[PDB]
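The chain below stands alone and is given in structure tokens; this is the form deposited in one PDB entry.
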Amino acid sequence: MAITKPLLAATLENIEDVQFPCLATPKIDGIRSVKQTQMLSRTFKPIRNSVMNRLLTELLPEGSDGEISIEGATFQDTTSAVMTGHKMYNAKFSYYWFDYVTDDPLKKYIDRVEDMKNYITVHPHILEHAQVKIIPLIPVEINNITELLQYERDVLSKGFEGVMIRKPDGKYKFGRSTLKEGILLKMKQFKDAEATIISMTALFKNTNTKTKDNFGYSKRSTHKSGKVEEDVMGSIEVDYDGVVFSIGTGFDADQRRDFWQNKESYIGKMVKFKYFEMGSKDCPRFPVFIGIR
């Protein structure tokens, strides 16, 4: 009845791929954490910050899925309030409870929510803790593109990362949902822009010893020792109207080949790219290359 691996959403690109009716909720820009005896991270590791871990373990019932987030604080702030091994943590913090696996991970989302709602009725005190504020994310029923778009405007105005779209009957898949499956979709609005290439960096093959991880997936260390330099581009430093940062994703095999092949004659060129504004500290967040010119 436990959760093998956390549920992961798929990136929604075409608003047309959304199936209706569907239930939606706001996507928090916090840190994922599921309750399995104790509080675990997206990679099922224990939440470093013991105060939180311990606290949440007392309030949250076994099998709670949600995100830890410091209200008002920046992402980098919340990151620290969770990734640090605090002995004593006095500051306040919230936990957005959005899923609940009591027994069968095949129970329709709506029902899993119901199970979450019920638990609350029985333990109202959880939503009243003096420090930890537990926030139940009860989905909203969306019937068509129009309503959805309306919802996006709402959550966004309220300062959320985006919106999570789920299938009413959807199950708690132990893995990343697919577009077609439509179990859990992530809807984020990136922004277009352009920057000027100023330099390039070689691709690096991580030849570190291959092992297994908490879920049994290929895991390799990141020691520079086992980093062999490939003869192709890996990332490109660019100047976005003043600000400088790198872009290394969004390129295909042949592109990385060309870009590196003409590293010298490529400098100075203008390239398009998309990025997310929210969360950006000193440079664009999730920078993704799109094309040249």
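Throughout, we count residues from 1 along the sequence that is shown.
As for the form deposited in another entry, it is not shown, yet the points below apply to it.
> Would you point out which of 188, 142, 80, 42 is found at the hinge linking the two rigid parts that shift between this form and the one not shown?
Of all listed residues, the hinge one is 188.
> Might you say whether the CA atoms of residue 30 and residue 284 end up closer or farther apart in the other form than in this form? Their distance differs by 3 Å or more.
Those two alpha carbons end up farther apart in the other form.
> Report the direction of the Cα distance change between residue 273 and residue 159 in the other form, compared with the displayed form, as closer or farther; the change is 3 Å or more.
They are closer; the C-alpha distance drops by 3 Å or more in the other form.
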